[PDB]
>>> print(open('target14.csv').read())   # CSV, C-alpha atoms and all ligand atoms
chain,number,residue,atom,x,y,z
Q,1,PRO,CA,0.0,0.0,0.0
Q,2,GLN,CA,0.8,3.7,-0.3
Q,3,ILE,CA,0.9,6.1,2.7
Q,4,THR,CA,0.1,9.7,2.0
Q,5,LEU,CA,2.1,12.6,3.6
Q,6,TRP,CA,-0.7,15.1,4.0
Q,7,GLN,CA,-0.8,13.9,7.6
Q,8,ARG,CA,1.9,12.5,9.9
Q,9,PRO,CA,2.4,8.9,8.9
Q,10,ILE,CA,1.6,7.2,12.1
Q,11,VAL,CA,1.3,3.4,12.5
Q,12,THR,CA,0.6,0.8,15.2
Q,13,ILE,CA,3.5,-1.2,16.4
Q,14,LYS,CA,3.8,-4.1,18.9
Q,15,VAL,CA,7.0,-4.1,21.0
Q,16,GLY,CA,7.9,-5.6,24.4
Q,17,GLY,CA,4.3,-7.0,24.5
Q,18,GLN,CA,2.9,-3.5,24.3
Q,19,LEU,CA,0.8,-1.9,21.5
Q,20,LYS,CA,1.9,1.7,20.7
Q,21,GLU,CA,1.6,4.3,18.0
Q,22,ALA,CA,4.7,5.5,16.2
Q,23,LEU,CA,5.8,7.9,13.4
Q,24,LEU,CA,7.3,6.5,10.2
Q,25,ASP,CA,10.4,8.7,9.9
Q,26,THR,CA,12.8,8.6,6.9
Q,27,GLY,CA,14.8,11.4,8.7
Q,28,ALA,CA,15.8,9.1,11.6
Q,29,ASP,CA,18.7,6.7,11.3
Q,30,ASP,CA,17.4,4.7,14.3
Q,31,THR,CA,14.2,3.8,16.1
Q,32,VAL,CA,13.5,5.7,19.3
Q,33,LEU,CA,10.7,4.8,21.7
Q,34,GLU,CA,9.3,6.5,24.9
Q,35,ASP,CA,10.9,5.1,28.0
Q,36,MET,CA,9.9,1.5,28.8
Q,37,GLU,CA,11.3,-1.8,30.0
Q,38,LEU,CA,12.8,-4.2,27.4
Q,39,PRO,CA,14.5,-7.6,27.9
Q,40,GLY,CA,18.2,-8.1,27.7
Q,41,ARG,CA,21.4,-6.1,27.9
Q,42,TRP,CA,21.6,-2.4,26.9
Q,43,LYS,CA,24.2,0.3,26.6
Q,44,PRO,CA,23.9,4.1,27.2
Q,45,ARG,CA,24.0,6.4,24.2
Q,46,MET,CA,23.4,10.1,23.4
Q,47,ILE,CA,21.2,10.8,20.4
Q,48,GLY,CA,20.9,14.2,18.7
Q,49,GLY,CA,18.1,15.9,16.9
Q,50,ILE,CA,16.5,19.3,16.6
Q,51,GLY,CA,16.3,20.2,20.2
Q,52,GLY,CA,19.8,19.0,21.1
Q,53,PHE,CA,20.6,15.6,22.6
Q,54,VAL,CA,18.9,13.1,25.0
Q,55,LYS,CA,20.3,10.1,26.8
Q,56,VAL,CA,18.8,6.7,25.8
Q,57,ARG,CA,19.4,3.0,26.3
Q,58,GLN,CA,20.2,1.0,23.2
Q,59,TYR,CA,18.8,-2.5,23.1
Q,60,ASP,CA,19.8,-4.8,20.2
Q,61,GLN,CA,18.0,-7.5,18.4
Q,62,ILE,CA,14.5,-6.5,19.7
Q,63,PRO,CA,11.6,-7.9,17.8
Q,64,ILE,CA,8.8,-5.4,16.6
Q,65,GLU,CA,5.6,-5.9,14.7
Q,66,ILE,CA,4.8,-3.0,12.3
Q,67,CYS,CA,1.8,-3.1,10.1
Q,68,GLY,CA,1.4,-6.7,11.4
Q,69,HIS,CA,4.8,-7.6,9.8
Q,70,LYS,CA,7.5,-8.8,12.3
Q,71,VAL,CA,11.0,-7.2,11.9
Q,72,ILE,CA,14.0,-7.1,14.2
Q,73,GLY,CA,16.6,-4.5,15.0
Q,74,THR,CA,18.1,-2.0,17.4
Q,75,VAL,CA,15.7,0.1,19.5
Q,76,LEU,CA,16.7,3.2,21.5
Q,77,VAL,CA,14.6,3.9,24.6
Q,78,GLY,CA,14.4,7.2,26.5
Q,79,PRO,CA,12.6,10.6,27.0
Q,80,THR,CA,11.5,11.2,23.4
Q,81,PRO,CA,8.4,13.2,22.9
Q,82,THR,CA,7.0,10.6,20.4
Q,83,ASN,CA,7.7,7.1,19.2
Q,84,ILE,CA,9.8,7.1,16.0
Q,85,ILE,CA,10.3,4.2,13.6
Q,86,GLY,CA,13.7,4.9,11.9
Q,87,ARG,CA,15.2,3.7,8.6
Q,88,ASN,CA,16.8,0.7,10.4
Q,89,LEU,CA,13.4,-1.0,10.7
Q,90,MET,CA,11.7,0.7,7.7
Q,91,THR,CA,14.2,-1.1,5.4
Q,92,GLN,CA,13.1,-4.4,6.8
Q,93,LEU,CA,9.6,-3.9,5.5
Q,94,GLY,CA,10.7,-2.8,2.1
Q,95,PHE,CA,9.6,0.8,2.6
Q,96,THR,CA,10.5,3.3,-0.2
Q,97,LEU,CA,9.8,6.9,-0.9
Q,98,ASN,CA,8.3,7.5,-4.3
Q,99,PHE,CA,7.3,10.5,-6.4
H,1,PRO,CA,11.6,7.9,-9.0
H,2,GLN,CA,11.9,5.5,-6.1
H,3,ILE,CA,14.3,6.0,-3.1
H,4,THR,CA,15.2,3.1,-0.8
H,5,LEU,CA,16.2,3.8,2.8
H,6,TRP,CA,19.4,1.8,3.4
H,7,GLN,CA,21.2,5.2,3.4
H,8,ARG,CA,20.0,8.7,4.4
H,9,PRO,CA,17.6,10.0,1.7
H,10,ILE,CA,19.7,13.1,0.8
H,11,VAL,CA,18.8,15.1,-2.2
H,12,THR,CA,20.2,18.2,-3.9
H,13,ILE,CA,18.1,21.4,-3.5
H,14,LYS,CA,18.6,24.9,-4.9
H,15,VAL,CA,17.6,27.7,-2.7
H,16,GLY,CA,18.4,31.4,-3.1
H,17,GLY,CA,20.7,30.6,-6.0
H,18,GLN,CA,22.8,28.1,-4.1
H,19,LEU,CA,23.0,24.3,-4.4
H,20,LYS,CA,22.7,22.5,-1.1
H,21,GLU,CA,22.1,19.0,0.3
H,22,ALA,CA,19.0,18.2,2.3
H,23,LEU,CA,17.4,15.2,4.1
H,24,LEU,CA,14.0,13.9,3.0
H,25,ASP,CA,12.2,13.7,6.3
H,26,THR,CA,8.7,12.2,6.7
H,27,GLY,CA,8.9,12.7,10.4
H,28,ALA,CA,9.1,16.5,10.1
H,29,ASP,CA,6.0,18.6,9.7
H,30,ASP,CA,8.0,21.5,8.4
H,31,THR,CA,11.2,22.3,6.4
H,32,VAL,CA,14.2,23.5,8.3
H,33,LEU,CA,17.4,24.9,6.8
H,34,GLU,CA,20.8,25.9,8.2
H,35,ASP,CA,21.3,29.6,8.7
H,36,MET,CA,21.3,31.4,5.3
H,37,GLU,CA,20.1,34.6,3.8
H,38,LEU,CA,16.5,34.7,2.4
H,39,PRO,CA,14.6,37.6,1.0
H,40,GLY,CA,11.6,39.3,2.7
H,41,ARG,CA,10.4,39.4,6.2
H,42,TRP,CA,10.4,36.6,8.8
H,43,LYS,CA,8.2,35.8,11.8
H,44,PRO,CA,9.0,33.9,15.0
H,45,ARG,CA,8.4,30.2,15.4
H,46,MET,CA,9.2,27.6,18.0
H,47,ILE,CA,9.7,24.0,16.8
H,48,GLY,CA,10.1,20.9,18.9
H,49,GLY,CA,12.5,18.0,18.2
H,50,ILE,CA,13.9,15.1,20.1
H,51,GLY,CA,16.1,17.4,22.2
H,52,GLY,CA,13.4,19.9,23.0
H,53,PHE,CA,12.4,23.3,21.5
H,54,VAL,CA,14.4,25.8,19.5
H,55,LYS,CA,13.6,29.3,18.1
H,56,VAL,CA,13.7,29.6,14.3
H,57,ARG,CA,12.9,32.2,11.7
H,58,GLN,CA,9.9,31.5,9.5
H,59,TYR,CA,10.0,32.7,5.9
H,60,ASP,CA,6.8,32.3,3.9
H,61,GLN,CA,6.5,31.7,0.1
H,62,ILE,CA,10.1,30.8,-0.6
H,63,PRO,CA,10.9,29.0,-4.0
H,64,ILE,CA,13.1,25.9,-3.8
H,65,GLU,CA,14.0,23.4,-6.5
H,66,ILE,CA,14.1,19.9,-5.2
H,67,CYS,CA,15.4,17.3,-7.7
H,68,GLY,CA,14.9,20.1,-10.3
H,69,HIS,CA,11.2,20.5,-9.4
H,70,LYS,CA,10.1,23.9,-8.1
H,71,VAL,CA,8.1,24.1,-4.9
H,72,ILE,CA,7.1,27.3,-3.1
H,73,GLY,CA,6.4,27.3,0.6
H,74,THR,CA,7.3,28.0,4.2
H,75,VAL,CA,10.9,27.5,5.1
H,76,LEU,CA,12.2,27.7,8.7
H,77,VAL,CA,15.8,28.9,9.3
H,78,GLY,CA,17.8,28.1,12.4
H,79,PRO,CA,20.2,25.8,14.3
H,80,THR,CA,20.3,22.4,12.6
H,81,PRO,CA,23.1,19.9,11.7
H,82,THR,CA,21.3,19.2,8.5
H,83,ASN,CA,18.9,20.8,6.1
H,84,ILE,CA,15.5,18.9,6.4
H,85,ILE,CA,12.8,18.8,3.8
H,86,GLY,CA,9.5,18.2,5.7
H,87,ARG,CA,6.0,17.1,4.7
H,88,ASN,CA,5.0,20.6,3.8
H,89,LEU,CA,7.3,20.5,0.7
H,90,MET,CA,7.3,16.7,0.2
H,91,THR,CA,3.5,16.9,-0.4
H,92,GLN,CA,4.1,19.5,-3.2
H,93,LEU,CA,6.3,17.0,-5.0
H,94,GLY,CA,3.7,14.2,-4.5
H,95,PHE,CA,5.9,12.0,-2.3
H,96,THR,CA,4.4,8.9,-0.7
H,97,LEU,CA,5.7,6.1,1.4
H,98,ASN,CA,5.2,2.6,-0.2
H,99,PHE,CA,5.7,-1.0,0.8
Q,101,LIG,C1,23.8,16.1,10.1
Q,101,LIG,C2,24.2,14.8,10.9
Q,101,LIG,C3,24.4,15.2,12.3
Q,101,LIG,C4,23.0,13.8,10.7
Q,101,LIG,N1,22.8,12.8,11.6
Q,101,LIG,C5,21.8,12.0,11.3
Q,101,LIG,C6,21.5,10.8,12.2
Q,101,LIG,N2,20.7,11.3,13.4
Q,101,LIG,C7,21.4,11.9,14.5
Q,101,LIG,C8,19.2,11.1,13.4
Q,101,LIG,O1,18.7,10.5,12.5
Q,101,LIG,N3,18.5,11.5,14.6
Q,101,LIG,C9,17.0,11.4,14.7
Q,101,LIG,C10,16.5,12.8,14.4
Q,101,LIG,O2,16.1,13.5,15.3
Q,101,LIG,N4,16.4,13.2,13.0
Q,101,LIG,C11,15.8,14.6,12.5
Q,101,LIG,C12,16.9,15.3,11.5
Q,101,LIG,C13,18.1,15.6,12.3
Q,101,LIG,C14,19.2,14.8,12.3
Q,101,LIG,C15,20.3,15.0,13.1
Q,101,LIG,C16,20.4,16.2,13.9
Q,101,LIG,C17,19.3,17.1,13.9
Q,101,LIG,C18,18.1,16.8,13.1
Q,101,LIG,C19,14.3,14.8,12.0
Q,101,LIG,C20,13.4,13.8,12.6
Q,101,LIG,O3,12.5,13.3,11.6
Q,101,LIG,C21,12.5,14.4,13.7
Q,101,LIG,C22,11.6,13.3,14.3
Q,101,LIG,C23,10.9,13.8,15.6
Q,101,LIG,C24,9.6,14.3,15.5
Q,101,LIG,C25,9.0,14.8,16.6
Q,101,LIG,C26,9.7,14.8,17.8
Q,101,LIG,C27,11.0,14.3,17.9
Q,101,LIG,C28,11.6,13.8,16.8
Q,101,LIG,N5,11.7,15.4,13.2
Q,101,LIG,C29,11.7,16.6,14.0
Q,101,LIG,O4,12.6,16.8,14.8
Q,101,LIG,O5,10.9,17.7,13.6
Q,101,LIG,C30,11.3,19.0,13.8
Q,101,LIG,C31,10.1,19.8,13.3
Q,101,LIG,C32,9.9,20.4,12.1
Q,101,LIG,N6,8.8,21.0,11.9
Q,101,LIG,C33,7.9,21.0,12.9
Q,101,LIG,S1,8.7,20.1,14.3
Q,101,LIG,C34,16.6,10.8,16.0
Q,101,LIG,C35,15.1,10.6,16.1
Q,101,LIG,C36,17.2,9.4,16.2
Q,101,LIG,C37,21.1,12.4,10.2
Q,101,LIG,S2,21.9,13.8,9.4
>>> encode(input="target14.csv", output="structure tokens", more="lines below")
Ligand SMILES: CC(C)c1nc(CN(C)C(=O)N[C@H](C(=O)N[C@@H](Cc2ccccc2)C[C@H](O)[C@H](Cc2ccccc2)NC(=O)OCc2cncs2)C(C)C)cs1
Amino acid sequence: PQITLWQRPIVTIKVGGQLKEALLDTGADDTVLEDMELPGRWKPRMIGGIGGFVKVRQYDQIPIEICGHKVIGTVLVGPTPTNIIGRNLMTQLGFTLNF
Amino acid sequence: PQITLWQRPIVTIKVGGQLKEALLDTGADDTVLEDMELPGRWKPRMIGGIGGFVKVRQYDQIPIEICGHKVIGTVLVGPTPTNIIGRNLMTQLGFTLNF
């Protein structure tokens, strides 16, 4: 299917057993979710964006369902204002930009 | 054209006579450029990002060529690591996300 950009491209995801809404974001290298618990080891990281930087925890090999399809990759967790699905997971679903 | 997302979706733009690089960003409502000179008056705007909020200058009705296509719209100028083409201008080109 085709997703329009007249509105924010927000989709439902399932991660860590929880259902959430998240923004499909071609301008994000990585996926960043509002603070939550995830299984396994993690390492601290600083990620930068428009307002400056925030400290997050990086969990690797985390499974996520997006649009029902199951993908796996790195997920950063911390005080982000909204959940963001980055290119690292978008590629796994075969997403492209077209015009 | 079709753009995959294994690397950052960077395109060439032309604004105020100058060629620049910019990131195609579906997760951005608006277009934000690094400090530069633009004609006309500006008005104040606060935009929010991952790191919080920042003051930018809002210039309305600015012509930009993106991939040689002319768009005319609002451009925000302020502190940013990268020029960002947001949904306001991506919609003028007819960009969609597809999988
Ligand atoms: C130039 C160099 C430093 C670059 N690094 C990168 C890799 N990096 C750091 C990222 O992708 N970082 C992501 C990001 O913020 N990307 C950004 C572009 C950018 C990149 C680097 C530095 C500054 C801005 C752009 C992202 O789409 C974010 C997503 C978002 C949306 C709402 C709330 C929080 C976040 N969009 C926004 O910040 O919107 C700003 C707004 C515009 N108009 C109204 S609000 C994080 C979410 C992970 C790309 S270019």
>>> residues_around(input="target14.csv", residues="segment 80-89 of chain H", least_positions_apart="3", cutoff="6 Å", atoms="only C-alpha atoms", output="PyMOL selection string")
chain H and resi 22-26+28-34+92
>>> write_last_selection(input="target14.csv", atoms="C-alpha atoms", output="compact mmCIF listing (two decimals), keeping the file's coordinate frame")
# COMPACT_ATOMS: atom_id res chain seq x y z
CA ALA H 22 19.00 18.20 2.30
CA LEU H 23 17.40 15.20 4.10
CA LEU H 24 14.00 13.90 3.00
CA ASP H 25 12.20 13.70 6.30
CA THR H 26 8.70 12.20 6.70
CA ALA H 28 9.10 16.50 10.10
CA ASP H 29 6.00 18.60 9.70
CA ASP H 30 8.00 21.50 8.40
CA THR H 31 11.20 22.30 6.40
CA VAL H 32 14.20 23.50 8.30
CA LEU H 33 17.40 24.90 6.80
CA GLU H 34 20.80 25.90 8.20
CA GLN H 92 4.10 19.50 -3.20
>>> residues_around(input="target14.csv", residues="residue 95 of chain Q", least_positions_apart="4", cutoff="8 Å", atoms="only C-alpha atoms", output="ChimeraX atom specification")
/Q:90-91 /H:4-5,97-99
>>> residues_near_point(input="target14.csv", point="(3.1, -1.8, 30.3)", cutoff="9 Å", atoms="all atoms listed in the file", output="list in words")
residues 16, 17, 18, 36 and 37 of chain Q
>>> write_last_selection(input="target14.csv", atoms="C-alpha atoms", output="PDB file, in the coordinates of the input")
ATOM      1  CA  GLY Q  16       7.900  -5.600  24.400  1.00  0.00           C
ATOM      2  CA  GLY Q  17       4.300  -7.000  24.500  1.00  0.00           C
ATOM      3  CA  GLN Q  18       2.900  -3.500  24.300  1.00  0.00           C
ATOM      4  CA  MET Q  36       9.900   1.500  28.800  1.00  0.00           C
ATOM      5  CA  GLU Q  37      11.300  -1.800  30.000  1.00  0.00           C
TER       6      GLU Q  37
END
>>> calpha_fit_and_write(input="target14.csv", fixed="chain H", moving="chain Q", output="PDB file with C-alpha atoms, in the frame of the given file")
ATOM      1  CA  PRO Q   1      11.658   7.027  -9.269  1.00  0.00           C
ATOM      2  CA  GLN Q   2      11.960   5.089  -6.017  1.00  0.00           C
ATOM      3  CA  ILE Q   3      14.311   6.103  -3.152  1.00  0.00           C
ATOM      4  CA  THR Q   4      15.576   3.335  -0.955  1.00  0.00           C
ATOM      5  CA  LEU Q   5      15.818   3.707   2.888  1.00  0.00           C
ATOM      6  CA  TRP Q   6      18.920   1.642   3.489  1.00  0.00           C
ATOM      7  CA  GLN Q   7      20.714   4.986   3.593  1.00  0.00           C
ATOM      8  CA  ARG Q   8      19.563   8.469   4.634  1.00  0.00           C
ATOM      9  CA  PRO Q   9      17.550   9.838   1.756  1.00  0.00           C
ATOM     10  CA  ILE Q  10      19.502  12.895   0.970  1.00  0.00           C
ATOM     11  CA  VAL Q  11      18.847  15.144  -2.063  1.00  0.00           C
ATOM     12  CA  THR Q  12      20.171  18.344  -3.659  1.00  0.00           C
ATOM     13  CA  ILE Q  13      18.059  21.390  -3.321  1.00  0.00           C
ATOM     14  CA  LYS Q  14      18.416  24.964  -4.681  1.00  0.00           C
ATOM     15  CA  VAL Q  15      17.179  27.719  -2.330  1.00  0.00           C
ATOM     16  CA  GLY Q  16      18.005  31.437  -1.991  1.00  0.00           C
ATOM     17  CA  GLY Q  17      20.402  30.962  -4.984  1.00  0.00           C
ATOM     18  CA  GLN Q  18      22.383  28.409  -3.032  1.00  0.00           C
ATOM     19  CA  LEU Q  19      22.848  24.657  -3.749  1.00  0.00           C
ATOM     20  CA  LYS Q  20      22.603  22.503  -0.570  1.00  0.00           C
ATOM     21  CA  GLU Q  21      22.043  18.939   0.493  1.00  0.00           C
ATOM     22  CA  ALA Q  22      18.992  18.051   2.540  1.00  0.00           C
ATOM     23  CA  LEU Q  23      17.246  15.028   4.160  1.00  0.00           C
ATOM     24  CA  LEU Q  24      13.850  13.902   2.876  1.00  0.00           C
ATOM     25  CA  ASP Q  25      11.955  13.611   6.172  1.00  0.00           C
ATOM     26  CA  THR Q  26       8.368  12.261   6.453  1.00  0.00           C
ATOM     27  CA  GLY Q  27       8.696  12.839  10.279  1.00  0.00           C
ATOM     28  CA  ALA Q  28       8.924  16.646   9.888  1.00  0.00           C
ATOM     29  CA  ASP Q  29       5.832  18.770   9.450  1.00  0.00           C
ATOM     30  CA  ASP Q  30       7.963  21.655   8.100  1.00  0.00           C
ATOM     31  CA  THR Q  31      11.179  22.345   6.236  1.00  0.00           C
ATOM     32  CA  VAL Q  32      14.110  23.491   8.341  1.00  0.00           C
ATOM     33  CA  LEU Q  33      17.364  24.782   6.874  1.00  0.00           C
ATOM     34  CA  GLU Q  34      20.772  25.782   8.449  1.00  0.00           C
ATOM     35  CA  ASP Q  35      20.921  29.472   9.149  1.00  0.00           C
ATOM     36  CA  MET Q  36      21.089  31.663   6.022  1.00  0.00           C
ATOM     37  CA  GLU Q  37      19.741  34.866   4.535  1.00  0.00           C
ATOM     38  CA  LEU Q  38      16.397  34.736   2.646  1.00  0.00           C
ATOM     39  CA  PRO Q  39      14.389  37.571   1.025  1.00  0.00           C
ATOM     40  CA  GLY Q  40      11.300  39.034   2.543  1.00  0.00           C
ATOM     41  CA  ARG Q  41       9.557  39.267   5.888  1.00  0.00           C
ATOM     42  CA  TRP Q  42       9.915  36.580   8.605  1.00  0.00           C
ATOM     43  CA  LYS Q  43       8.548  35.837  12.028  1.00  0.00           C
ATOM     44  CA  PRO Q  44      10.236  34.128  15.048  1.00  0.00           C
ATOM     45  CA  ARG Q  45       9.110  30.645  15.995  1.00  0.00           C
ATOM     46  CA  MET Q  46      10.194  27.819  18.347  1.00  0.00           C
ATOM     47  CA  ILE Q  47      10.355  24.365  16.806  1.00  0.00           C
ATOM     48  CA  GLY Q  48      10.605  21.128  18.805  1.00  0.00           C
ATOM     49  CA  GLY Q  49      12.208  17.826  18.101  1.00  0.00           C
ATOM     50  CA  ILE Q  50      14.255  15.178  19.836  1.00  0.00           C
ATOM     51  CA  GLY Q  51      16.741  17.350  21.542  1.00  0.00           C
ATOM     52  CA  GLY Q  52      14.232  19.954  22.739  1.00  0.00           C
ATOM     53  CA  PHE Q  53      13.486  23.221  20.945  1.00  0.00           C
ATOM     54  CA  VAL Q  54      15.431  25.776  18.803  1.00  0.00           C
ATOM     55  CA  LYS Q  55      14.516  29.273  17.736  1.00  0.00           C
ATOM     56  CA  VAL Q  56      14.090  29.807  13.949  1.00  0.00           C
ATOM     57  CA  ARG Q  57      12.834  32.406  11.505  1.00  0.00           C
ATOM     58  CA  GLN Q  58       9.855  31.426   9.405  1.00  0.00           C
ATOM     59  CA  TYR Q  59       9.840  32.734   5.868  1.00  0.00           C
ATOM     60  CA  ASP Q  60       6.735  32.141   3.699  1.00  0.00           C
ATOM     61  CA  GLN Q  61       6.284  31.581   0.058  1.00  0.00           C
ATOM     62  CA  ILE Q  62       9.998  30.755  -0.621  1.00  0.00           C
ATOM     63  CA  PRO Q  63      10.711  29.017  -3.854  1.00  0.00           C
ATOM     64  CA  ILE Q  64      12.893  25.738  -3.744  1.00  0.00           C
ATOM     65  CA  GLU Q  65      14.099  23.404  -6.428  1.00  0.00           C
ATOM     66  CA  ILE Q  66      14.181  19.725  -5.304  1.00  0.00           C
ATOM     67  CA  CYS Q  67      15.179  17.020  -7.657  1.00  0.00           C
ATOM     68  CA  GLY Q  68      15.176  19.807 -10.310  1.00  0.00           C
ATOM     69  CA  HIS Q  69      11.395  20.315  -9.697  1.00  0.00           C
ATOM     70  CA  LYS Q  70      10.418  23.842  -8.436  1.00  0.00           C
ATOM     71  CA  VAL Q  71       7.983  23.944  -5.431  1.00  0.00           C
ATOM     72  CA  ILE Q  72       7.043  26.725  -3.047  1.00  0.00           C
ATOM     73  CA  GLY Q  73       6.279  26.871   0.635  1.00  0.00           C
ATOM     74  CA  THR Q  74       7.245  27.885   4.141  1.00  0.00           C
ATOM     75  CA  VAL Q  75      10.902  27.470   5.161  1.00  0.00           C
ATOM     76  CA  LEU Q  76      12.197  27.675   8.751  1.00  0.00           C
ATOM     77  CA  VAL Q  77      15.788  28.885   9.134  1.00  0.00           C
ATOM     78  CA  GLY Q  78      18.001  28.470  12.211  1.00  0.00           C
ATOM     79  CA  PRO Q  79      20.660  26.357  14.085  1.00  0.00           C
ATOM     80  CA  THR Q  80      19.607  22.901  12.868  1.00  0.00           C
ATOM     81  CA  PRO Q  81      22.275  20.315  12.638  1.00  0.00           C
ATOM     82  CA  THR Q  82      21.145  19.315   9.075  1.00  0.00           C
ATOM     83  CA  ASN Q  83      18.894  20.552   6.321  1.00  0.00           C
ATOM     84  CA  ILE Q  84      15.450  18.887   6.460  1.00  0.00           C
ATOM     85  CA  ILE Q  85      12.838  18.815   3.705  1.00  0.00           C
ATOM     86  CA  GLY Q  86       9.469  18.382   5.549  1.00  0.00           C
ATOM     87  CA  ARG Q  87       6.074  17.072   4.391  1.00  0.00           C
ATOM     88  CA  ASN Q  88       5.007  20.641   3.431  1.00  0.00           C
ATOM     89  CA  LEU Q  89       7.278  20.553   0.369  1.00  0.00           C
ATOM     90  CA  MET Q  90       7.351  16.740  -0.117  1.00  0.00           C
ATOM     91  CA  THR Q  91       3.591  16.877  -0.908  1.00  0.00           C
ATOM     92  CA  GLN Q  92       4.269  19.324  -3.667  1.00  0.00           C
ATOM     93  CA  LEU Q  93       6.342  16.796  -5.538  1.00  0.00           C
ATOM     94  CA  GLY Q  94       3.870  14.021  -5.126  1.00  0.00           C
ATOM     95  CA  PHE Q  95       6.053  12.054  -2.722  1.00  0.00           C
ATOM     96  CA  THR Q  96       4.490   8.905  -1.129  1.00  0.00           C
ATOM     97  CA  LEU Q  97       5.678   6.172   1.121  1.00  0.00           C
ATOM     98  CA  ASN Q  98       5.045   2.724  -0.248  1.00  0.00           C
ATOM     99  CA  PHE Q  99       5.482  -0.855   0.940  1.00  0.00           C
TER     100      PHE Q  99
END
>>> closest_residue(input="target14.csv", among="Q:3, Q:71, Q:93, Q:50", to="ligand LIG 101 (chain Q)", atoms="all atoms listed in the file")
Q:50
>>> atom_distance(input="target14.csv", atom1="atom CA of residue 48 of chain Q", atom2="atom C34 of ligand LIG 101 (chain Q)")
6.1 Å
>>> residues_around(input="target14.csv", residues="residue 79 of chain Q", least_positions_apart="6", cutoff="8 Å", atoms="only C-alpha atoms", output="MDAnalysis selection string")
chainID Q and resid 34:35 54:56
>>> atom_distance(input="target14.csv", atom1="atom CA of residue 94 of chain H", atom2="atom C25 of ligand LIG 101 (chain Q)")
21.8 Å
>>> atom_distance(input="target14.csv", atom1="atom CA of residue 76 of chain H", atom2="atom CA of residue 96 of chain Q")
26.0 Å
>>> residues_around(input="target14.csv", residues="segment 63-68 of chain H", least_positions_apart="5", cutoff="8 Å", atoms="all atoms listed in the file", output="list in words")
residues 11, 12, 13, 14, 15, 16 and 73 of chain H
>>> write_last_selection(input="target14.csv", atoms="C-alpha atoms", output="short mmCIF file (atom, residue, chain, number, x, y, z; two decimals), in the coordinates of the input")
data_model
loop_
_atom_site.label_atom_id
_atom_site.label_comp_id
_atom_site.auth_asym_id
_atom_site.auth_seq_id
_atom_site.Cartn_x
_atom_site.Cartn_y
_atom_site.Cartn_z
CA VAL H 11 18.80 15.10 -2.20
CA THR H 12 20.20 18.20 -3.90
CA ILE H 13 18.10 21.40 -3.50
CA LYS H 14 18.60 24.90 -4.90
CA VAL H 15 17.60 27.70 -2.70
CA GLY H 16 18.40 31.40 -3.10
CA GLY H 73 6.40 27.30 0.60
#
>>> build_atoms(input="target14.csv", residues="segment 14-26 of chain H", atoms="N, CA and C atoms", output="short mmCIF file (atom, residue, chain, number, x, y, z; two decimals), in the frame of the given file")
data_model
loop_
_atom_site.label_atom_id
_atom_site.label_comp_id
_atom_site.auth_asym_id
_atom_site.auth_seq_id
_atom_site.Cartn_x
_atom_site.Cartn_y
_atom_site.Cartn_z
N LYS H 14 18.04 23.56 -4.47
CA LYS H 14 18.60 24.90 -4.90
C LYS H 14 17.70 25.91 -4.21
N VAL H 15 18.32 26.70 -3.36
CA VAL H 15 17.60 27.70 -2.70
C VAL H 15 18.39 29.02 -2.64
N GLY H 16 17.75 30.12 -3.04
CA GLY H 16 18.40 31.40 -3.10
C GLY H 16 19.70 31.32 -3.95
N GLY H 17 19.61 30.72 -5.12
CA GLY H 17 20.70 30.60 -6.00
C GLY H 17 21.78 29.58 -5.71
N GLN H 18 21.71 28.98 -4.52
CA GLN H 18 22.80 28.10 -4.10
C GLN H 18 22.36 26.61 -4.07
N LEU H 19 23.25 25.73 -4.53
CA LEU H 19 23.00 24.30 -4.40
C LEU H 19 23.39 23.80 -3.01
N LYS H 20 22.49 23.03 -2.41
CA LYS H 20 22.70 22.50 -1.10
C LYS H 20 22.21 21.04 -1.05
N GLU H 21 22.59 20.33 0.00
CA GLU H 21 22.10 19.00 0.30
C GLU H 21 21.03 19.04 1.35
N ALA H 22 20.00 18.18 1.26
CA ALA H 22 19.00 18.20 2.30
C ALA H 22 18.39 16.77 2.50
N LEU H 23 17.91 16.51 3.71
CA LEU H 23 17.40 15.20 4.10
C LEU H 23 15.89 15.12 3.89
N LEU H 24 15.41 14.15 3.11
CA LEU H 24 14.00 13.90 3.00
C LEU H 24 13.41 13.30 4.25
N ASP H 25 12.54 14.02 4.95
CA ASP H 25 12.20 13.70 6.30
C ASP H 25 10.66 13.56 6.52
N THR H 26 10.12 12.34 6.46
CA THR H 26 8.70 12.20 6.70
C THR H 26 8.26 12.43 8.10
#
